[PDB]
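Novice: Compact mmCIF, C-alpha atoms, file model-v4.txt:
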```txt
# COMPACT_ATOMS: atom_id res chain seq x y z
CA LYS N 1 -33.05 -88.46 8.22
CA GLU N 2 -33.93 -84.98 6.94
CA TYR N 3 -30.36 -83.64 6.55
CA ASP N 4 -27.42 -84.97 4.55
CA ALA N 5 -24.84 -83.85 7.10
CA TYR N 6 -24.48 -82.08 10.43
CA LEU N 7 -21.90 -79.29 10.15
CA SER N 8 -19.74 -78.82 13.26
CA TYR N 9 -17.37 -75.86 13.43
CA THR N 10 -16.27 -73.13 15.82
CA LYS N 11 -16.04 -69.37 15.25
CA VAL N 12 -14.13 -67.14 17.67
CA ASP N 13 -14.10 -63.36 17.57
CA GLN N 14 -10.90 -61.44 16.81
CA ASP N 20 -5.55 -67.16 13.08
CA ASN N 21 -5.71 -67.47 9.28
CA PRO N 22 -8.38 -65.76 7.14
CA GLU N 23 -8.50 -68.39 4.39
CA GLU N 24 -9.25 -71.18 6.87
CA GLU N 25 -12.11 -69.26 8.48
CA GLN N 26 -13.45 -68.22 5.08
CA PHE N 27 -13.44 -71.83 3.90
CA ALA N 28 -15.01 -73.20 7.09
CA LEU N 29 -17.76 -70.59 7.48
CA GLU N 30 -18.96 -69.82 3.95
CA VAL N 31 -17.14 -71.73 1.19
CA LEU N 32 -17.69 -75.23 2.60
CA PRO N 33 -21.46 -74.92 3.26
CA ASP N 34 -22.07 -72.87 0.11
CA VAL N 35 -20.31 -75.33 -2.17
CA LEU N 36 -21.96 -78.31 -0.47
CA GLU N 37 -25.51 -76.87 -0.69
CA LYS N 38 -25.60 -74.61 -3.78
CA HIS N 39 -23.18 -76.39 -6.14
CA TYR N 40 -23.73 -80.04 -5.14
CA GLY N 41 -27.26 -79.80 -3.73
CA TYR N 42 -26.69 -81.33 -0.29
CA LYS N 43 -28.86 -80.30 2.67
CA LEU N 44 -26.87 -79.35 5.77
CA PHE N 45 -27.99 -78.56 9.31
CA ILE N 46 -25.83 -75.75 10.73
CA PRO N 47 -26.48 -74.95 14.42
CA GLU N 48 -25.36 -71.32 14.08
CA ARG N 49 -27.84 -70.87 11.20
CA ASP N 50 -30.80 -73.22 11.72
CA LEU N 51 -31.15 -73.53 15.52
CA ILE N 52 -31.86 -70.79 18.05
CA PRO N 53 -30.33 -71.49 21.49
CA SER N 54 -33.00 -72.26 24.09
CA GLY N 55 -33.55 -74.33 27.22
CA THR N 56 -33.82 -77.49 25.09
CA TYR N 57 -30.61 -76.75 23.17
CA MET N 58 -28.84 -80.02 23.99
CA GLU N 59 -31.89 -82.18 23.28
CA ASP N 60 -32.51 -80.27 20.03
CA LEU N 61 -28.93 -80.78 18.86
CA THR N 62 -29.15 -84.47 19.73
CA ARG N 63 -32.36 -84.87 17.73
CA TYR N 64 -30.81 -83.03 14.78
CA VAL N 65 -27.75 -85.28 14.85
CA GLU N 66 -30.03 -88.32 14.80
CA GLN N 67 -31.71 -86.85 11.69
CA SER N 68 -28.36 -86.30 9.91
CA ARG N 69 -26.87 -88.85 7.53
CA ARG N 70 -23.32 -87.59 8.18
CA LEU N 71 -21.32 -85.61 10.74
CA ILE N 72 -18.79 -83.13 9.34
CA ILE N 73 -16.19 -81.75 11.75
CA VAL N 74 -14.06 -78.83 10.58
CA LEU N 75 -10.72 -78.98 12.43
CA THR N 76 -9.72 -75.32 12.52
CA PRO N 77 -7.47 -73.72 15.16
CA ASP N 78 -10.59 -72.24 16.76
CA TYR N 79 -12.23 -75.68 16.88
CA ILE N 80 -9.19 -77.03 18.72
CA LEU N 81 -9.11 -74.03 21.07
CA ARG N 82 -12.75 -74.42 22.09
CA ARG N 83 -12.80 -78.24 21.74
CA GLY N 84 -15.87 -77.98 19.53
CA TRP N 85 -16.15 -81.77 19.54
CA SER N 86 -16.94 -81.81 23.27
CA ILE N 87 -20.70 -81.78 22.66
CA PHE N 88 -20.60 -85.16 20.92
CA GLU N 89 -18.88 -86.59 24.00
CA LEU N 90 -21.01 -84.78 26.60
CA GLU N 91 -24.33 -86.27 25.43
CA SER N 92 -24.50 -90.01 26.03
CA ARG N 93 -26.64 -90.66 22.95
CA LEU N 94 -24.22 -88.86 20.63
CA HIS N 95 -21.24 -90.65 22.20
CA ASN N 96 -22.93 -94.01 21.65
CA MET N 97 -23.75 -93.07 18.06
CA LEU N 98 -20.10 -92.21 17.39
CA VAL N 99 -18.52 -95.22 19.07
CA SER N 100 -21.03 -97.79 17.75
CA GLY N 101 -20.82 -96.49 14.18
CA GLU N 102 -24.42 -95.31 13.90
CA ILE N 103 -23.26 -92.19 12.02
CA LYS N 104 -20.30 -91.64 9.70
CA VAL N 105 -17.95 -88.81 10.69
CA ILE N 106 -16.04 -86.71 8.15
CA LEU N 107 -13.05 -85.03 9.81
CA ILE N 108 -11.62 -82.18 7.72
CA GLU N 109 -8.04 -81.47 8.80
CA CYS N 110 -7.34 -77.78 8.14
CA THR N 111 -4.26 -77.46 10.39
CA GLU N 112 -1.54 -79.67 11.85
CA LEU N 113 -1.80 -80.83 15.47
CA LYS N 114 1.58 -79.49 16.54
CA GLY N 115 0.49 -79.12 20.16
CA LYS N 116 1.24 -82.22 22.21
CA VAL N 117 -1.82 -82.13 24.47
CA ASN N 118 -4.16 -81.19 21.62
CA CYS N 119 -2.72 -83.92 19.39
CA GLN N 120 -3.25 -86.55 22.09
CA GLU N 121 -6.82 -85.39 22.73
CA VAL N 122 -7.72 -85.43 19.04
CA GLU N 123 -6.18 -88.89 18.65
CA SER N 124 -8.36 -90.14 21.51
CA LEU N 125 -11.34 -88.60 19.71
CA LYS N 126 -10.38 -90.37 16.47
CA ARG N 127 -10.21 -93.76 18.19
CA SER N 128 -13.58 -92.95 19.80
CA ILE N 129 -15.18 -92.86 16.32
CA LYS N 130 -15.91 -96.13 14.53
CA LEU N 131 -16.74 -94.76 11.05
CA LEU N 132 -14.19 -91.99 10.47
CA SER N 133 -13.11 -90.40 7.18
CA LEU N 134 -10.07 -88.11 7.16
CA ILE N 135 -9.81 -85.41 4.48
CA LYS N 136 -6.93 -82.92 4.43
CA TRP N 137 -7.55 -79.31 3.37
CA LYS N 138 -4.33 -78.24 1.66
CA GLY N 139 -5.41 -74.61 1.28
CA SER N 140 -6.39 -72.41 -1.64
CA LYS N 141 -5.79 -75.34 -4.00
CA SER N 142 -8.34 -77.44 -2.12
CA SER N 143 -10.98 -74.70 -2.07
CA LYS N 144 -10.93 -74.59 -5.89
CA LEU N 145 -13.99 -76.21 -7.44
CA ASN N 146 -13.68 -79.77 -8.75
CA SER N 147 -10.38 -80.35 -6.97
CA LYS N 148 -9.14 -83.58 -5.40
CA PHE N 149 -10.40 -82.40 -2.00
CA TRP N 150 -13.91 -81.83 -3.31
CA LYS N 151 -14.17 -85.14 -5.15
CA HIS N 152 -13.06 -86.94 -1.98
CA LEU N 153 -15.53 -85.05 0.21
CA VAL N 154 -18.43 -85.55 -2.20
CA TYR N 155 -17.73 -89.28 -2.40
CA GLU N 156 -17.84 -89.42 1.39
CA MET N 157 -21.24 -87.69 1.28
CA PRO N 158 -24.51 -89.60 0.82
CA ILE N 159 -26.27 -90.08 -2.49
```
If you took the structure in this file and wrote it as structure tokens, what would it be?

Specialist:
Amino acid sequence: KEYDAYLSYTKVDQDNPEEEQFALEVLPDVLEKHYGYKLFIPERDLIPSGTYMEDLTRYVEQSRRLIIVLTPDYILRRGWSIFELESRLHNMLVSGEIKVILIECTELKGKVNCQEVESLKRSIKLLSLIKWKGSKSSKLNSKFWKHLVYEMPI
């Protein structure tokens, strides 16, 4: 366990700017610089290679938490699919070997998407739901941040 949490998010090229800004820079920056947590971010710390899947698996095993940022882009690309594609990660999620922190940034209005995400929720044993209200939640020392920090290790 070398990392406090594994950050899972999706970025799609050019639909709300505040959501993307919170998911890509504010969330990691506040978790690492202000609170001192150590996060593994694939798009920052891992270079894609032929061992990409095995590398991601190993990094998840070395992470004390799994943060999933539920943005519209994440739903579009089904950014959670990786954790279901690899058997080891799937077993870790369903058997409760790693705690998952699901950050709800949008409402699952879509029927099919809502059903799929519900099936994902039931597939996780240790699941913590935190709603991101918006600009109020991004403010430092807000209810959102206290909740998230409590769900974090140490």

Novice: Here is a test: counting all atoms listed in the file, which residue of N:55, N:33, N:41, N:77 is nearest to residue 10 in chain N?

Specialist: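 Comparing N:55, N:33, N:41, N:77 against residue 10 in chain N, the winner is N:77.
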
Novice: Is there a way to get, as a PDB file with C-alpha atoms, in the coordinates of the input, all residues within 10 Å of the point (-14.6, -97.2, 8.5) in file coordinates, counting only C-alpha atoms?

Specialist:
```
ATOM      1  CA  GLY N 101     -20.820 -96.490  14.180  1.00  0.00           C
ATOM      2  CA  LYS N 104     -20.300 -91.640   9.700  1.00  0.00           C
ATOM      3  CA  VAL N 105     -17.950 -88.810  10.690  1.00  0.00           C
ATOM      4  CA  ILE N 129     -15.180 -92.860  16.320  1.00  0.00           C
ATOM      5  CA  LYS N 130     -15.910 -96.130  14.530  1.00  0.00           C
ATOM      6  CA  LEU N 131     -16.740 -94.760  11.050  1.00  0.00           C
ATOM      7  CA  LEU N 132     -14.190 -91.990  10.470  1.00  0.00           C
ATOM      8  CA  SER N 133     -13.110 -90.400   7.180  1.00  0.00           C
TER       9      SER N 133
END
```

Novice: Go through N:154, N:5, N:83, N:20 one by one, measure the shortest atom-to-atom distance of each to residue 71 in chain N using all atoms listed in the file, and give the residue with the smallest value.

Specialist: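 So, comparing all the options, the nearest one is N:5.
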
Novice: Please identify all polymer residues within 12 Å of residue 152 in chain N, counting only C-alpha atoms, omitting same-chain residues fewer than 6 positions from it, and present them as a PyMOL selection string.

Specialist: chain N and resi 106-108+133-137+142+146

Novice: Give me, as number ranges by chain, all polymer residues having an atom no more than 12 Å from residue 98 in chain N, counting only C-alpha atoms and skipping those fewer than 2 positions away in the same chain.

Specialist: N: 65-66, 70-71, 85, 87-96, 100-106, 125-132

Novice: Smallest atom-to-atom distance to residue 75 in chain N: which of N:150, N:27, N:57, N:42, using all atoms listed in the file?

Specialist: N:27

Novice: Could you tell me how far CA of residue 9 in chain N sits from CA of residue 29 in chain N, in Å to one decimal place?

Specialist: 8.0 Å

Novice: Step by step: start from the point (-17.7, -77.2, 12.4) in the file's coordinates, keep every protein, DNA or RNA residue that has an atom no farther than 8 Å from it, count all atoms listed in the file, and write the set as a ChimeraX atom specification.

Specialist: /N:7-10,28,72-75,79,84

Novice: Take the residues from that selection and put them in a file with C-alpha atoms, as a compact mmCIF listing (two decimals), in the frame of the given file.

Specialist:
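Written out: part.txt:
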```
# COMPACT_ATOMS: atom_id res chain seq x y z
CA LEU N 7 -21.90 -79.29 10.15
CA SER N 8 -19.74 -78.82 13.26
CA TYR N 9 -17.37 -75.86 13.43
CA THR N 10 -16.27 -73.13 15.82
CA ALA N 28 -15.01 -73.20 7.09
CA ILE N 72 -18.79 -83.13 9.34
CA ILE N 73 -16.19 -81.75 11.75
CA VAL N 74 -14.06 -78.83 10.58
CA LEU N 75 -10.72 -78.98 12.43
CA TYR N 79 -12.23 -75.68 16.88
CA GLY N 84 -15.87 -77.98 19.53
```

Novice: From the options N:81, N:97, N:46, N:51, which residue's atoms come nearest to residue 118 in chain N, counting only C-alpha atoms?

Specialist: N:81

Novice: Enter the distance from CA of residue 141 in chain N to CA of residue 22 in chain N, in Å, rounded to one decimal.

Specialist: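 These two atoms are separated by 14.9 Å.
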
Novice: From the list N:120, N:149, N:111, N:157, which residue is nearest residue 21 in chain N when using all atoms listed in the file?

Specialist: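 Checking each candidate against residue 21 in chain N, we get N:111 as the closest.
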
Novice: Would you work out the distance separating CA of residue 156 in chain N from CA of residue 40 in chain N, expressed in Å to one decimal?

Specialist: 12.9 Å
